[PDB]
């Protein structure tokens, strides 16, 4: 398996775990009680540090239930935990509900951490994609809604 070394900076919280076999992420706990008014964010400690392997990345994603039920999100989602980072994972929670505050208690599961390979790319500067001998593509320079699919596009 791909092992991930982890330090429970706050040993009072359980180790992050998958809710079900095959789940992509292990759920991260809040070390803290925090209450977010509408529109407010906080930087919340999870009580863990990890050593993402070289060649990989840790990614902090919101949980869907809280997202829908109370509008909880993460400002920098997907949080990007670098392989060299040995500090505490912190989660930038934000309340995107307009009216109802969100109360987080220490020990709630407030996000999930995935680990994936990542390509540590070597940039090759060219003067044009033609010089790199790249074939023309279907997409070309099309983006930002170029394929349609909604009246505003």
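Positions refer to the first chain, counted from 1. What we label the rigid core is the largest C-alpha set whose atoms superpose within 1.5 Å from one form to the other.
After superposing on the rigid core, the larger RMS C-alpha deviation in 6 other deposited structures of this protein belongs to 123 to 131, the other candidate being whichever of 32 to 40 and 123 to 131 remains. Higher mean CA temperature factor, per the PDB entry, when comparing 131 to 139 with 20 to 28: 131 to 139. Comparing 41 to 49 with 122 to 130, the stretch with the higher mean C-alpha B-factor in the PDB entry is 122 to 130. Among the modelled residues of its chain, residue 113 has a C-alpha B-factor that falls in the middle third according to the deposited record. The PDB entry assigns residue 86 a C-alpha temperature factor belonging to the lowest third of its chain's modelled residues. In the PDB entry, a CA B factor belonging to the middle third of its chain's modelled residues is recorded for residue 69. Placement of the Cα temperature factor of residue 93 within the chain: lowest third of the modelled residues, per the deposited record. When all modelled residues of the chain are sorted by CA temperature factor, residue 102 is found within the middle third.
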